[PDB]
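Novice: Residue numbers (the deposited numbering), protein chains in the order written: chain B, 4 to 529; chain A, 3 to 529.
Don't be surprised by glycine CBs; every beta carbon is placed ideally from N, CA and C.
Okay, handing you the structure first.
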Ligand SMILES: *[C@@H]1O[C@H](CO)[C@@H](O[C@@H]2O[C@H](CO)[C@@H](O[C@@H]3O[C@H](CO)[C@@H](O)[C@H](O)[C@@H]3O)[C@H](O)[C@H]2NC(C)=O)[C@H](O)[C@H]1NC(C)=O
Ligand SMILES: *[C@@H]1O[C@H](CO[C@H]2O[C@@H](C)[C@@H](O)[C@@H](O)[C@@H]2O)[C@@H](O[C@@H]2O[C@H](CO)[C@@H](O)[C@H](O)[C@H]2NC(C)=O)[C@H](O)[C@H]1NC(C)=O
Ligand SMILES: *[C@@H]1O[C@H](CO[C@H]2O[C@@H](C)[C@@H](O)[C@@H](O)[C@@H]2O)[C@@H](O[C@@H]2O[C@H](CO)[C@@H](O)[C@H](O)[C@H]2NC(C)=O)[C@H](O)[C@H]1NC(C)=O
Ligand SMILES: *[C@@H]1O[C@H](CO[C@H]2O[C@@H](C)[C@@H](O)[C@@H](O)[C@@H]2O)[C@@H](O[C@@H]2O[C@H](CO)[C@@H](O)[C@H](O)[C@H]2NC(C)=O)[C@H](O)[C@H]1NC(C)=O
Ligand SMILES: *[C@@H]1O[C@H](CO[C@H]2O[C@@H](C)[C@@H](O)[C@@H](O)[C@@H]2O)[C@@H](O[C@@H]2O[C@H](CO)[C@@H](O)[C@H](O)[C@H]2NC(C)=O)[C@H](O)[C@H]1NC(C)=O
Ligand SMILES: *[C@@H]1O[C@H](CO[C@H]2O[C@@H](C)[C@@H](O)[C@@H](O)[C@@H]2O)[C@@H](O[C@@H]2O[C@H](CO)[C@@H](O)[C@H](O)[C@H]2NC(C)=O)[C@H](O)[C@H]1NC(C)=O
Ligand SMILES: *[C@H]1O[C@H](CO[C@H]2O[C@@H](C)[C@@H](O)[C@@H](O)[C@@H]2O)[C@@H](O[C@@H]2O[C@H](CO)[C@@H](O)[C@H](O)[C@H]2NC(C)=O)[C@H](O)[C@H]1NC(C)=O
Ligand SMILES: *[C@@H]1O[C@H](CO)[C@@H](O[C@@H]2O[C@H](CO)[C@@H](O)[C@H](O)[C@H]2NC(C)=O)[C@H](O)[C@H]1NC(C)=O
Ligand SMILES: *[C@@H]1O[C@H](CO)[C@@H](O[C@@H]2O[C@H](CO)[C@@H](O)[C@H](O)[C@H]2NC(C)=O)[C@H](O)[C@H]1NC(C)=O
Ligand SMILES: *[C@@H]1O[C@H](CO)[C@@H](O)[C@H](O)[C@H]1NC(C)=O
Ligand SMILES: *[C@@H]1O[C@H](CO)[C@@H](O)[C@H](O)[C@H]1NC(C)=O
Ligand SMILES: *[C@@H]1O[C@H](CO)[C@@H](O)[C@H](O)[C@H]1NC(C)=O
Ligand SMILES: *[C@H]1O[C@H](CO)[C@@H](O)[C@H](O)[C@H]1NC(C)=O
Ligand SMILES: *[C@H]1O[C@H](CO)[C@@H](O)[C@H](O)[C@H]1NC(C)=O
Ligand SMILES: *[C@H]1O[C@H](CO)[C@@H](O)[C@H](O)[C@H]1NC(C)=O
Ligand SMILES: [Cl-]
Ligand SMILES: [Cl-]
Ligand SMILES: [Cl-]
Ligand SMILES: [Cl-]
Ligand SMILES: [Cl-]
Ligand SMILES: [Cl-]
Ligand SMILES: [Cl-]
């Protein structure tokens, strides 16, 4: 099973999926290995190769810190890379239906991981199911994360910032030149991702270099206007200079700072990333997107406000409990091993950790806005409020606020609210419907009748997978089945959204309006 | 002849014809020695005896006060101006008795408001002839000293100890205990009621050990001591006294010389300077009012309330829907009683600086945030309505609710109302809605008089409010009838049930303006 790309032939492998067949091509190189003189630089286009590339196993994951807070725990370890770490990691994967399609829609997955972690080869990103059930072509790339991906000495081509974003954009460029040879339609390409993946997709709506490289966009639990997504030039420069200091690379001029950084072992870079931001949070993104004047021609909120971005259709959404995952990474009183019932004071300590630079009036005003209890007897009040504080501020409110502005320029927007907690979720019950745990439903893992999961979870995933594909193909996440539930456009006034769960999905309006009003209209003044 | 022998002497009254019946009115009975000369600023002194028969057939002098003159000829403002001669010789009370004479009637004692600076018992809206006719209760009202003459304070000093006006109220209560039986009254069934500063006063008699045996129960209309305007700290009070002395050229070595000089000033000279003892006042500013004097009030009232140190009895408490609107035409930019007063966001913010002079920019910004979650925009009247609600909630509604809640935690029955009817004869514009003080005419039964141009529906409402007040006074339960009547449940800190009062339908609701009051009790203080 061989395909001639513009750079050479690639051998693939036949997968047997659900009685049918899917053809997979794992680890196709799409850029030159960013090594030596090439570390910190934008990805260089690839040159032809003589023999045949065996695209039969996942490639190296990009250099990154590993989450080892809970050794042996499936809930944390499932996000860690499952192939070797290496700077030689610029590769992508293509999944294709059998029999081979003629002009198939392409879905391109961009993984999350706070711009510091992530890899395309995770089991929860296996695109074979989508290829089988909806007969789309699925692509996913590895892009550089952390300092190696986002170190910025702004204005300097030797370390310009947003290198990982250019990686993704180069992978998109690859699809355009090569996907017809796989039976895909370059003219029908939908970007989707989650967390930093979603913020990445949203930045691709803004970058002129990405304008001609895709068609529609799906944003799961993330957008560029989230408070963690984009770092200012001053902060990015400070962080870079802190890293130079931490690694013994503090130099007189920038060209020498970089020479020295190019000579550090990857691990001396990785293990120093944690120290560059003086009072980080469990949500702190050490090295991420910045305004480089290249990929991002200007500050994002301004571009969006002014109206210069790709005019197309989007599908945006969030999980019910986006904030709970981060509480066990340093909020006092919390633990994945107990119920984590906290007190008013532990809650105030929590705010301190999640809101380090904020005045006492500001924190006090957050406490006030999230303490108007329905039942004042309820002992889990503070635990839930802190989770909501962190979810609304970091994910939910940015996502709604993005969708309002985007739709205000006459674009079809569809908003979802994912409310189902997987019966397999390794994290304890109080954590609810966690950040990241809708992904396996999108990628159709519960369609596998040997995979554990409930029947209802198979049906739920069946329709999500159907709407995602139909949104990709058609620009409307419509479902079949004369029952269905009819998904309506998102508008600044009514703000209609669809809920997703196993016991009846319904159309609601103004998601968390009372909470979000605080974050968009008051908090920026404290 | 109509003649009652009292401890102080015989008193002659007059018959009034009310609703085809008769009420006997004794207007302007002295209950204390005239606080003149050396008695100025002192506590009231007991009345010995008057000579011959005192003719209580006309209302007495009202106490010295400044007059509202912002609107000449306008009934809306002028109905609160005193309607008898002004004088320092003003310590008199009024008694209305049903005819024929009761043997043991329940007594209602009215205490007027006017921000401790103004007011008089002789206003038409406090005529007690109706309540006496219809419910056969005895009605008493008294004049008490207001302003500097009433509340000049140098605590510890008997020449001007503070709270003299409150002690005037108290002495009148004492007079009722001593004398009401001769009028056919029951001194063991006495209910205090008042509005605004009158209600703050009533709430203060609940705290004052000297008042504890001079009444039975208490009704509080739009006011309580815990409202931001009600009580001055001990040294803010002294400060005001010292400043008044400076303004009038009475600043001296010692305190008794200061008072000595102030006793030689014309009342007008003192009265015209009251408004300058405070550097930055609001339309709701109480220049001279109640304070912690050590005699009447042994500690800050909030502390006494928290500690359960008050008279354990039943209370009836309530507020009007638009408490704050009245104050806006007296200072806030954009507002006018002859305009519909559509204001902008910037006008709103300027209004906030008027009503909250000393509050930080962030304090004001958060009041703004809390009051602008609009149901509908642009809807021009949003900001106008918002500012009225801010003023009303902060000064009247939220403290009244907080007071009832805290009072009921100590085990006595409390009943809360929300008065929502706008009088068909209200002279103020529509935008001011259900105003401060405009439930009073309904409580006193004025709409029962058919020759008066109220609607039938207003008569029915008033007849019902008159019955419930009178029932509360008599029984500690503001019932109307058993059968065909909406029951008024107790106010408990959990459910916080209250009764709405209007002409459409009266009903039981819960947690009045809980979301707004939550801001004023639990966030604003920290600001
Ligand atoms: C409103 O509710 C109260 C109960 O809280 C009722 O109080 C009761 O009132 C009756 C008179 O209607 C009292 O009984 C009688 O009083 C008269 C003097 O008025 C006397 O002649 C009789 O010998 C007898 O004592 C009764 O003490 C009192 N009960 C209690 C425990 O308060 C009131 O009747 C209700 N009113 C209406 C119209 O619903
Ligand atoms: C820009 O950098 C400085 C220095 O940051 C230091 O922070 C340490 C945690 C460590 O990473 C080290 O390598 C790095 O150089 C930041 O200023 C510091 O702020 C703290 C108070 O939080 C002070 O105690 C320090 O005096 C001060 N820096 C020093 C070392 O003088 C600064 O905050 C940062 N700017 C931004 C954007 O936050
Ligand atoms: C779905 O579950 C089955 C077994 O059911 C669970 O039993 C629990 C006590 C615990 O072992 C849990 O891990 C397990 O999921 C899984 O089958 C077993 O998987 C284990 C490895 O975890 C193998 O060692 C066993 O040989 C295997 N067989 C059994 C016991 O039936 C199965 O892997 C799982 N499926 C997925 C994809 O999650
Ligand atoms: C209170 O008023 C009376 C006069 O007014 C009343 O006189 C009653 C006898 C009775 O008829 C009643 O209806 C009427 O309103 C003053 O009367 C004094 O005594 C006689 C009786 O009229 C008069 O001729 C006197 O002029 C008058 N005395 C004086 C001082 O001249 C009574 O004095 C008065 N009391 C007070 C304290 O002023
Ligand atoms: C008590 O109050 C005085 C206020 O001074 C007042 O003087 C009055 C005669 C009157 O004119 C009034 O308008 C004026 O405000 C406080 O005095 C402050 O500080 C000095 C005097 O020490 C004055 O020069 C200031 O003007 C005054 N403040 C302001 C802004 O007016 C005094 O501090 C205060 N003391 C206490 C214990 O409350
Ligand atoms: C009994 O009287 C009612 C009115 O009495 C009402 O009083 C309120 C304070 C409250 O207690 C409420 O529960 C109670 O119903 C009479 O109803 C009235 O009838 C007239 C016509 O005759 C209507 O025009 C009024 O709107 C209406 N008043 C209301 C509902 O507020 C009614 O006559 C009588 N009902 C019965 C069943 O006998
Ligand atoms: C930025 O800095 C590098 C290195 O910094 C050098 O600065 C010199 C003035 C001196 O202090 C030296 O010790 C220090 O290392 C510059 O490279 C230098 O270039 C000069 C000639 O211009 C050589 O003589 C030095 O040997 C050389 N240093 C090394 C090790 O390369 C570089 O020129 C400068 N570039 C920019 C953009 O300013
Ligand atoms: C004042 O009112 C009283 C009470 O209504 C009147 O006295 C009553 O008069 C009627 C008829 O003359 C008698 O039947 C009653 O018995 C009287 N009551 C008493 C206690 O005497 C009296 O007429 C009025 N006085 C006036 C008009 O000055
Ligand atoms: C008026 O009613 C009161 C009760 O409200 C009677 O006064 C006394 O009531 C106390 C309890 O508060 C009892 O201990 C006494 O027995 C009552 N006094 C007497 C002498 O019986 C009072 O009697 C009534 N006054 C009347 C009818 O003139
Ligand atoms: C696997 O590969 C063959 C070619 O070697 C391809 O034609 C076919 O689609 C695949 N076979 C199946 C059905 O798995
Ligand atoms: C490619 O795959 C085939 C089949 O497994 C294998 O025989 C061959 O060695 C591989 N080629 C390379 C590049 O090693
Ligand atoms: C749960 O575990 C954490 C971490 O060990 C601990 O600090 C906390 O006190 C525990 N919570 C409860 C309910 O005891
Ligand atoms: C895909 O088919 C051809 C390229 O094979 C292209 O001309 C056409 O416009 C595309 N459109 C679709 C969605 O069929
Ligand atoms: C949904 O898919 C596309 C939307 O444009 C269209 O071809 C199809 O008719 C639609 N079906 C339903 C049931 O909405
Ligand atoms: C009416 O109120 C006063 C009239 O003197 C004025 O200052 C205000 O601007 C007017 N309001 C409006 C614009 O209706
Ligand atoms: Cl960040
Ligand atoms: Cl430098
Ligand atoms: Cl730049
Ligand atoms: Cl099925
Ligand atoms: Cl009648
Ligand atoms: Cl209007
Ligand atoms: Cl009742």
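Could you check if residue 359/B is buried or exposed, using at least 16 other CB atoms within 10 Å of its CB as the buried criterion?
Specialist: The residue labelled residue 359/B in the question sits at position 356 within the first chain. Under this definition residue 359/B is an exposed residue.
Novice: For the alpha helix (DSSP H) containing residue 347/A, name the first residue and the last one.
Specialist: Reading the second chain from its first residue, position 345 is the one you call residue 347/A. Note, residue 347/A: alpha helix (DSSP H), 347-357.
Novice: So, are the CB atoms of residue 414/B and residue 476/B less than 8 Å apart?
Specialist: Along the first chain, one-based indexing puts residue 414/B at 411. Along the first chain, one-based indexing puts residue 476/B at 473. Not a contact, by the Cβ cut-off of 8 Å.
Novice: Quick one, are the C-beta atoms of residue 333/B and residue 418/B less than 8 Å apart?
Specialist: For the purposes of this step, residue 333/B is taken as the residue at position 330 of the first chain. For the purposes of this step, residue 418/B is taken as the residue at position 415 of the first chain. Not a contact, by the Cβ cut-off of 8 Å.
Novice: Please list the partners that residue 520/B has in chain A, where partner means a Cβ-to-Cβ separation under 9 Å.
Specialist: The residue given as residue 520/B occupies position 517 in the first chain. Neighbours of residue 520/B on chain A, chain order: 371, 375.
Novice: Between residue 560/A and residue 90/A, what straight-line distance do the alpha-carbon atoms span, to the nearest angstrom?
Specialist: The structure shown has nothing for residue 560/A, since chain A only spans 3 to 529.
Novice: Residue 156/B and residue 162/B look like a contact to me (Cβ under 8 Å); what is the Cβ gap, rounded to whole Å?
Specialist: Residue numbering aside, residue 156/B sits at position 153 when the first chain is read from its first letter. Residue numbering aside, residue 162/B sits at position 159 when the first chain is read from its first letter. Contact flag correct, Cβ pair sits at about 5 Å.
Novice: Is the region 213-227 of chain A touching the region 189-199 of chain A, taking contact as three or more C-beta pairs under 8 Å?
Specialist: Yes, they touch.
Novice: Compute the Euclidean distance between the alpha carbons of residue 450/A and residue 123/A, then round it to the nearest angstrom.
Specialist: Translated into positions along the second chain, residue 450/A becomes position 448. Translated into positions along the second chain, residue 123/A becomes position 121. Residue 450/A and residue 123/A: Cα-Cα distance of roughly 20 Å.
Novice: State the CB to CB distance for the pair residue 15/A and residue 58/A, rounded to an integer number of angstroms; the pair is presumed to be in contact (CB under 8 Å).
Specialist: Reading the second chain from its first residue, position 13 is the one you call residue 15/A. Reading the second chain from its first residue, position 56 is the one you call residue 58/A. So it is a contact: roughly 5 Å between Cβ atoms.
Novice: Got a list of residues with beta-carbon closer than 6 Å to any non-hydrogen atom of ligand 13, in chain order?
Specialist: Qualifying residues come out as 106/B, 188/B, 190/B, 191/B.
Novice: Just the C-alpha distance for residue 164/B and residue 462/B, rounded to the nearest angstrom, thanks.
Specialist: If you number the first chain from 1, residue 164/B lands on position 161. If you number the first chain from 1, residue 462/B lands on position 459. Cα-Cα distance, rounded: 43 Å.
Novice: Is the region 93-107 of chain B touching the region 144-152 of chain B, taking contact as three or more C-beta pairs under 8 Å?
Specialist: Yes, the region 93-107 of chain B is in contact with the region 144-152 of chain B.
Novice: Does residue 528/A get closer than 8 Å to chain B when you measure Cβ to Cβ?
Specialist: Translated into positions along the second chain, residue 528/A becomes position 526. Yes, residue 528/A counts as interfacial toward chain B.
Novice: Can you tell me whether residue 96/A is helix, strand or coil according to DSSP?
Specialist: The sequence position of residue 96/A within the second chain is 94, counting from 1. Of the three classes helix, strand and coil, the one that applies to residue 96/A here is strand, per DSSP.
Novice: Step through the CB atoms of chain A and report whether any lies within less than 8 Å of the CB of residue 474/B.
Specialist: As a working mapping, residue 474/B is identified with position 471 in the first chain. Closer than 8 Å: no.
Novice: Evaluate residue 368/A with the Cβ neighbour count: other Cβ atoms within 10 Å of its Cβ, from every protein chain shown; 16 or more gives buried, anything less gives exposed.
Specialist: By 1-based counting over the second chain, the position of residue 368/A is 366. Per the 10 Å Cβ criterion, buried.
Novice: Excluding the five sequence neighbours on either side, which residues of its own chain have a C-beta within less than 7 Å of the C-beta of residue 184/A, listed in chain order?
Specialist: Position 182 of the second chain, counted from the start, is the residue given in the question as residue 184/A. So the list reads 6, 7, 8, once near-sequence residues are dropped.
Novice: Can you grab the Cα-Cα spacing for the pair residue 379/A / residue 158/A, in whole Å?
Specialist: Within the second chain, the letter at position 377 stands for residue 379/A. Within the second chain, the letter at position 156 stands for residue 158/A. When rounded, the distance between both Cα atoms is 56 Å.
Novice: Step through the CB atoms of chain A and report whether any lies within less than 8 Å of the CB of residue 525/B.
Specialist: Residue 525/B sits at position 522 when you count from the first residue of the first chain. Interface residue, yes.
Novice: Output the boundary residues of the alpha helix (DSSP H) element that contains residue 392/A.
Specialist: On the second chain, position 390 is the one that residue 392/A refers to. Residues 384-394.
Novice: Going by C-alpha to C-alpha distance, which of 216/A, 79/A, 113/A, 3/A sits closest to residue 181/A?
Specialist: Within the second chain, residue 181/A is the residue found at index 179, counting from 1. Comparing Cα-Cα distances from residue 181/A to each of 216/A, 79/A, 113/A, 3/A, the minimum goes to 216/A.
Novice: Note down, in chain order, all residues in the region 331-365 of chain A with a beta-carbon under 8 Å from any beta-carbon belonging to chain B.
Specialist: Taking 8 Å as the Cβ-Cβ cut-off against chain B, the residues of the region 331-365 of chain A that qualify are 364.
Novice: Please tell me whether residue 497/A has its Cβ less than 8 Å away from any Cβ of chain B.
Specialist: Looking up residue 497/A in the second chain gives position 495. So, not an interface residue.
Novice: Quick one: list the residues of chain A neighbouring residue 411/B, beta-carbon separation under 9 Å, in chain order.
Specialist: Counting from 1 along the first chain, the entry for residue 411/B is found at position 408. The premise fails here: residue 411/B is roughly 16 Å from chain A at the closest Cβ pair, so nothing lies under 9 Å.
Novice: Mind checking residue 496/A: buried by the 16 CB within 10 Å criterion, or exposed?
Specialist: Taking the first residue of the second chain as position 1, residue 496/A is located at position 494. With fewer than 16 other Cβ atoms within 10 Å, it is exposed.
Novice: Taking the Cβ atom as the reference point for each residue, do residue 437/A and residue 322/A lie within a distance shorter than 8 Å?
Specialist: Looking up residue 437/A in the second chain gives position 435. Looking up residue 322/A in the second chain gives position 320. Closer than 8 Å, so yes.
Novice: Is the closest heavy atom of ligand 7 to the C-beta of residue 161/B under 7 Å?
Specialist: Residue mapping note: residue 161/B aligns to position 158 of the first chain, counting from 1. No - ligand 7 has no heavy atom lying nearer than 7 Å to the Cβ of residue 161/B.
Novice: Straight-line CA distance for residue 17/B to residue 398/B?
Specialist: Counting from 1 along the first chain, the entry for residue 17/B is found at position 14. Counting from 1 along the first chain, the entry for residue 398/B is found at position 395. If you take the alpha carbons of residue 17/B and residue 398/B, they lie about 39 Å apart.
Novice: Please identify the residue among 232/B, 361/B, 32/B, 71/B whose C-alpha is closest to the C-alpha of residue 568/B.
Specialist: Here chain B comprises residues numbered 4 to 529, so residue 568/B is not present and cannot be evaluated.
Novice: Can you tell me whether residue 220/B is helix, strand or coil according to DSSP?
Specialist: Within the first chain, numbered from 1, the residue matching residue 220/B stands at position 217. Here residue 220/B sits in strand by DSSP.
Novice: Per DSSP, what are the beta-bridge partners of residue 458/A in this structure?
Specialist: Position 456 of the second chain, counted from the start, is the residue given in the question as residue 458/A. Paired residue(s): none; residue 458/A is not in a bridge.
Novice: For residue 197/B, does the three-state DSSP call read helix, strand or coil?
Specialist: The sequence position of residue 197/B within the first chain is 194, counting from 1. It is a strand residue.
Novice: Spatial neighbours of residue 405/B within its chain, please: C-beta separation below 6 Å, excluding the five flanking residues on both sides.
Specialist: The residue labelled residue 405/B in the question sits at position 402 within the first chain. Hits under 6 Å: 226, 228.
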